[PDB]
Amino acid sequence: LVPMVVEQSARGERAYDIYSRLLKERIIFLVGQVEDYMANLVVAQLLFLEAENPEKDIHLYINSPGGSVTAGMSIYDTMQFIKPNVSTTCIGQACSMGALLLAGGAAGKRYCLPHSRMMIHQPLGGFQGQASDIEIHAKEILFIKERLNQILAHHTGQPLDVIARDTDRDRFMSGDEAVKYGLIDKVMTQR
Amino acid sequence: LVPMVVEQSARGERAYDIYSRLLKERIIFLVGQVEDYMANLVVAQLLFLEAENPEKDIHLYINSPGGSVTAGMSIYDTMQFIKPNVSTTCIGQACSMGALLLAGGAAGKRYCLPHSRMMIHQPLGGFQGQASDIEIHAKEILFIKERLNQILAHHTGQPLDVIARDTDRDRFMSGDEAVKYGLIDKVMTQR
Amino acid sequence: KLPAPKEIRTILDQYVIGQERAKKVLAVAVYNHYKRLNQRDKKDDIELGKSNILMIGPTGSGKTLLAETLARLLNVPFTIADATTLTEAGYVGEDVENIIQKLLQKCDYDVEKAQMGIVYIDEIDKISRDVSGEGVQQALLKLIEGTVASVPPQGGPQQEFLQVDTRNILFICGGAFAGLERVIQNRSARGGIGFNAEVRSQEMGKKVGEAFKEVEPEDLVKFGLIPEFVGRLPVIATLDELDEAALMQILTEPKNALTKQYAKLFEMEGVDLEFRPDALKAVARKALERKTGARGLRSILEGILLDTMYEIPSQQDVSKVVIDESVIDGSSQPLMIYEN
Amino acid sequence: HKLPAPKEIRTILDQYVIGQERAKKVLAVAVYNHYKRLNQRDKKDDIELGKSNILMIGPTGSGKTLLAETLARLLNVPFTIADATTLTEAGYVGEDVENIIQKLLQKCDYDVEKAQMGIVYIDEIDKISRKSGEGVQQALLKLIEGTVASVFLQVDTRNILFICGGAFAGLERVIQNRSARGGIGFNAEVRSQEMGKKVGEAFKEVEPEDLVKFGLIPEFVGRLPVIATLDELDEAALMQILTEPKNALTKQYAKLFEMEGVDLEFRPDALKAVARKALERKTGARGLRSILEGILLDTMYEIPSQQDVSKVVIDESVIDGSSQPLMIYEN
Ligand SMILES: Nc1ncnc2c1ncn2[C@@H]1O[C@H](COP(=O)(O)OP(=O)(O)OP(=O)(O)O)[C@@H](O)[C@H]1O
Ligand SMILES: Nc1ncnc2c1ncn2[C@@H]1O[C@H](COP(=O)(O)OP(=O)(O)O)[C@@H](O)[C@H]1O
Ligand SMILES: [Mg+2]
Ligand SMILES: [Mg+2]
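Chains as they are written, first to last, in PDB author numbering: chain I, 4 to 194; chain H, 4 to 194; chain E, 64 to 192, 202 to 228, 232 to 415; chain F, 63 to 193, 204 to 223, 236 to 415.
Encoded structure:
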């Protein structure tokens, strides 16, 4: 069950859930598989925080094993479009979309806990139909694979030939390895 | 869970869900498969906002893989009937029915994010029965197909023959491609 | 002395532009009110009760102007006390007594003048529905119908307090009841939403054209006002919204028209102030969007005149300053005949 | 009455005040009209025009008094600067409201000729805000109406121009409420976290309504058809003011060192940094005093300790707070 929290503001006492209280501090949580419904909540949260303070930074915690590519793109495109710098902090796992959203944070604001694990693999897809339909969908999944590799290269600075080579198979990277790779900037250890 | 939000208005403080708070700004969200239950909410929301300010524009975000043709028609017919301009900003994906709503927005107010995929496909129908019923149910799915082609030609401006040719098979169009096609007016990247 | 209602109407019409409905109401209202103070003979006819008026109009409609202008026709003490300041006894805030106190300060502490005074309590709508609500209304109820004054002495014991009965004074009440249009819309054709609905024309100064014409006591009670309070005020005047057609007829027609006043100042230096028909209309539209109406004309005009009002004196031989529609907006500058 | 043209008024006043020329433009024509118009109305057609009272609203150390003084520096007619706190009930609890007219009797020289054109000015009118309080406002408003009242010497109250100016505390917050906020969208204009934080919300655009909301008597609030808007300060104007007065801060600093026989050498470069410190403390022109007073404390405790300290050179490092005064002590 979600616990309740009391802010105890000067005007008076208010009761907010644990998640809503943190949202007041420009914090957004990404938990579970990425899908259209949960992804829409993140988009709404990002826009709302923008209006409250378009200058203050935002912190997006990412703990997900991946999910829908389209849902993830709606978040990534929203993070870059808005004015505030959306920080990113890995809290243990990012398989396919978690690393794209972890590496799509403002420069100097991508963190990772000491024992977090980050992976990167090519987008998986499933479709059935006629040969003509298969050829059409095959080109679409090949186009997406290229656009995703371009995003990582831009934020990480590595050449596209290396990204494509590393995304052919599942590649696990620790906190220290990710810094050299360019996925993140700093590894938070202690306060 | 849906996080709560406080407006902190002069009259006082009220708690609004993340979706309700944006609704006050004349914003409606269309997520998931299109169906009678979800589509009816959009109808009520569009009509409700008309009374508050029949002059201020409305922003309808579309991220849906399609659904019921009848449910979608109630939304399109409602958007055109009301006086306010209904802007469209496609985030994520916009399949056959989703693309129709994206194209039904006011002129010059249709948008889409960079990594947005807009697909167009024929209407999907299924029916079982005697030959007489099949012949009767075949004219309806064929007549509906003509209405949807005319709608796209009207907003996009392309000739009807091109719409029928393109709708025969799945055609994925990016932001830039959709602008030339007339489906949208501008591709937004950064504020 | 007791001028015919028609004469009052014509005099008030000089400034007010299009308040005929309220004009007549306000005219007859005061006319009979002062006839009571006049008809003081002892013939079993002193029982006559006063009838207070309840002016309802959108902000800037002209409510205050009517009250102020009419005050001059009476040539007696008049005052305007806001309703927000007043709060029920037992908590910090202005006391109902204070209304009489300030009212008497204008009267010079003359009992005869006090009884023959008029009040214009504003923002009555604010006090609707434990504190600042029914409490204030309950206190005010007695005051408006009948009460003795307790105004402390000015300058200079506790017995020094003066008294006067609040049973003659006409307590007019003006208020911009926001939302009353929806209450009156519920009377007939309640539909706000839907295809076959009465959806509001717009969110500009067109909305309340004649929406208060059908105002009844029941709606005011539903609004929040106490039933007794609504009963106290039998007359309910109604004012228009002063839309663009009104604002065009108010910038030159009134005797105190801004154009006239501005022209007078310009005429001294020798510049013949001129305005274009479309130019004046342009200002009206700018004021409506700004939501400042009457009060926006002066400011808007000062932003279009002051600029050249600082130059014109230093310039000589100036004969005319043509104000074009373009000049009103931020595209052109006031055309001026630098030489003859 | 001096009564010059708006051009002359602004130009002659600019000589002593820098940065307040925007408001000047308005006030220039404003006072120009009042004197000319009233004095020689010649029974103008449909006379409606009321006394052209001008409001003055600016924060502390904005040069309200300076603009009031410069305005009264060349004005031959009296100005009778007065206060709003000093006023109390009419000789019941303390000072009476006739004291404003009493200050006029001193400046007018008991001359009715001067009294009628007396420019009654008040400062810090924002300290009588309703919450004595509202009573003083009403007793004050009575004279604003132009009601002839003796103090004893009969005084002409008609045609008295009011340029009263108060440092209203919490004025921007009230006009900030009137300002609308941005939306929450992908194609919407969020303009700022807050709206009255980039420009002075109060002194850019004001309407009588905003003043009534503040908690002032509506009659007095709608008694002045004209208004003004004072700009707190300017970065460029802060370097000029540093040495513009006859006894400017920097000048006085050097003069104080000169009493002992030391020269206060100062660098142009340092000046720029100094302006920023004042702009950050946001205490007005007077605020700058504290910055240098502290900075000089070390120099005010080093020059005395070491005798024969010919001069002292201040560099940008000293204002940064790292460098120590470069003592030029020699022979
Ligand atoms: N516009 C200005 N130009 C030059 N100096 C100024 C200006 N405004 C303030 N000052 C400086 O402020 C000092 C005097 O402050 P003063 O007592 O006039 O504050 P004030 O503006 O009257 O305060 P308030 O606005 O509350 O009345 C002088 O040393 C003067 O140099
Ligand atoms: N028809 C009109 N002619 C001239 N002035 C008007 C007119 N209507 C409104 N005003 C001006 O608008 C101001 C506001 O008063 P009013 O409209 O009565 O109510 P409120 O003060 O609540 O806006 C008045 O000072 C008046 O000068
Ligand atoms: Mg008014
Ligand atoms: Mg001073």
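Every residue, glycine too, gets a C-beta built ideally from N, C-alpha and C.
Of all the CB atoms in chain I, is at least one closer than 7 Å to the CB of residue i?
| i | result |
| --- | --- |
| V283/F | no |
| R17/H | no |
| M7/H | yes |
| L127/H | no |
| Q133/H | no |
| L116/H | yes |
| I78/H | no |
| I144/H | no |
Tell me, please, whether the CB atom of residue i is closer than 7 Å to any CB atom in chain F?
| i | result |
| --- | --- |
| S222/E | no |
| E38/H | no |
| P388/E | yes |
| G218/E | no |
| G299/E | no |
| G156/E | no |
Compare the Cα-Cα distances from residue i to each of the options and report the closest residue.
| i | options | result |
| --- | --- | --- |
| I412/F | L381/F, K69/F, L348/F | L348/F |
| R242/E | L215/E, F350/E, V223/E | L215/E |
| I65/H | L63/I, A74/I, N66/I | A74/I |
| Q209/F | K165/E, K361/E, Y172/E | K165/E |
| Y94/F | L65/F, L255/F, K86/F, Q82/F | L65/F |
| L372/F | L100/F, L149/F, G123/F, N101/F | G123/F |
| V290/F | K282/F, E319/F, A272/F, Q260/F | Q260/F |
| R351/E | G378/E, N161/E, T334/E, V79/E | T334/E |
| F341/F | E316/F, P388/F, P309/F, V174/F | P388/F |
| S67/I | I61/I, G160/I, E38/I, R172/I | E38/I |
| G180/F | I187/F, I162/F, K281/F | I162/F |
Residue i lies in the beta strand (DSSP E); which residues open and close that run?
| i | result |
| --- | --- |
| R351/F | Taken as a continuous stretch (DSSP letters only), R351/F belongs to no beta strand (DSSP E), as it is neither H nor E. |
| residue 2/I | The question about residue 2/I has no answer here: the residues shown for chain I are numbered 4 through 194. |
| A18/H | 18-20 |
| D185/E | 181-185 |
| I259/E | Here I259/E belongs to no beta strand (DSSP E); instead the alpha helix (DSSP H) covers 255-262. |
| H124/I | First-last for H124/I: undefined, no H or E at that position. |
| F32/I | 30-34 |
Under DSSP, the alpha helix (DSSP H) around residue i begins and ends at which residues?
| i | result |
| --- | --- |
| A312/F | No alpha helix (DSSP H) holds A312/F; DSSP gives it neither H nor E. |
| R150/H | 134-159 |
| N161/F | 161-170 |
| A369/F | 368-383 |
| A320/E | 319-325 |
| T92/H | Premise fails: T92/H lies in the beta strand (DSSP E), 89-97, not in any alpha helix (DSSP H). |
Within 7 Å of any Cβ in chain H, is that where the Cβ of residue i sits?
| i | result |
| --- | --- |
| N88/I | no |
| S119/I | no |
| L26/I | yes |
| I139/I | yes |
| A47/I | yes |
| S23/I | yes |
Using a Cβ-Cβ cut-off of 7 Å, state whether residue i counts as contacting chain E.
| i | result |
| --- | --- |
| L129/F | no |
(message) Which residues of the stretch 50-72 of chain H have a Cβ closer than 9 Å to any Cβ of chain E? Give them in chain order.
(response) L50, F51, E53, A54, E55, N56, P57, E58, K59
(message) Closer than 8 Å between beta carbons: that is the criterion. Which residues of the stretch 252-281 of chain F meet it against chain H?
(response) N261, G267, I268, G269, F270, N271, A272
(request) Could you run through the stretch 79-98 of chain F and flag, in chain order, every residue whose CB is less than 8 Å away from some CB of chain E? (result) Listed in sequence order: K87, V88, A90, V91, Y94, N95, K98.
(message) So if I threshold CB-CB distances at 8 Å, which residues from the stretch 99-110 of chain I count as touching chain H?
(response) Per Cβ criterion, the list is empty.
(message) Closer than 8 Å between beta carbons: that is the criterion. Which residues of the stretch 183-194 of chain H meet it against chain F?
(response) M191
(message) By the 7 Å beta-carbon criterion, what residues does the stretch 329-358 of chain E contribute toward chain F?
(response) Considering only beta carbons, the part of the stretch 329-358 of chain E lying closer than 7 Å to chain F consists of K330, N331, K335, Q336, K339, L340, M343, in chain order.
(message) Under 7 Å, CB to CB, which of the residues in the stretch 376-403 of chain E have a partner in chain F?
(response) Taken in chain order, the members of the stretch 376-403 of chain E whose beta-carbon sits within less than 7 Å of a beta-carbon on chain F are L381, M384, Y385, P388, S389.
(message) Counting only Cβ-Cβ distances shorter than 7 Å, please list the residues of the stretch 159-184 of chain E near chain F, keeping chain order.
(response) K165, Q168
(request) Please list the residues of the stretch 154-177 of chain H that have a C-beta atom closer than 9 Å to any C-beta atom in chain I, keeping them in chain order. (result) Listed in chain order, the positions of the stretch 154-177 of chain H with a beta carbon within less than 9 Å of a beta carbon of chain I are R172, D173, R174, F175, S177.
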